[PDB]
Amino acid sequence: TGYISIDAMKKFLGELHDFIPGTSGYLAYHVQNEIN
Amino acid sequence: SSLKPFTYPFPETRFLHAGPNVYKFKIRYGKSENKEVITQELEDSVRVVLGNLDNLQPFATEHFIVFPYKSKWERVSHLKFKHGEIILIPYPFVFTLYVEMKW
């Protein structure tokens, strides 16, 4: 009983950004079956 | 040091660009000081999940117990993500982080 410390958890060390569409060149697209 | 601050009290959905991929994260806080210490702690929480994608277990941070969960991302084929000209590859799973206080 007790949870593992984050200190002992290995983690992703790279650049990490919020994907905010309409910001920093970020765009998201949803498939459609009608056009206008 | 960190990227954008979190809705602390309330549920939120965060999309994250890391390596050539987009991760869907959902955060839930249960029964619940210094804004950027908490930000850095939740970011550290994300990085941990991102570094143990197939080896999810509950962990303890300075203030919290994080229980990460992983569900199929329904209708991912419906979505395309771009960083300008660059296609971002969806990691086709939703990470739900349930954050409790240690007490």
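Neighbour counts run over all protein chains shown; Cβ positions are idealised from the backbone, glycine included. What follows is calculated from the coordinates using simple rules that are stated; it is not laboratory data.
Structural remarks
- Note on chain B: Rg/Rh from Cα positions, Kirkwood definition for Rh, rounded to two decimals, is 0.97.
- Sum of side-chain charges, A:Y26 neighbourhood, beta-carbon under 15 Å (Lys, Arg +1; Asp, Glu -1): +2
- Neighbourhood charge, 11 Å Cβ-Cβ cut-off, centred on A:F12 and excluding it, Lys, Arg +1 and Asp, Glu -1: 0
- The slack between B:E33 and B:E100, meaning 0.36 nm per residue of separation minus the straight C-alpha distance, is 22.5 nm.
- Distant-in-sequence amide H partners of B:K26 (H built 1.01 Å from N, under 5 Å): B:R14, B:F95, B:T96, B:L97
- Just so you know, the Cα atoms of the protein assembly as shown work out to an Rg and Dmax of 15.9, 59 Å.
- Taking every DSSP beta bridge that has both ends in chain B, the antiparallel portion is near 70%.
- Pairs of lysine residues in chain B that meet both criteria, 8 or more places apart or on different chains and Cα atoms under 21 Å apart, total 18.
- B:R14, B:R75 arranged by Cβ crowding within 10 Å, fewest neighbours leading: B:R75, B:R14
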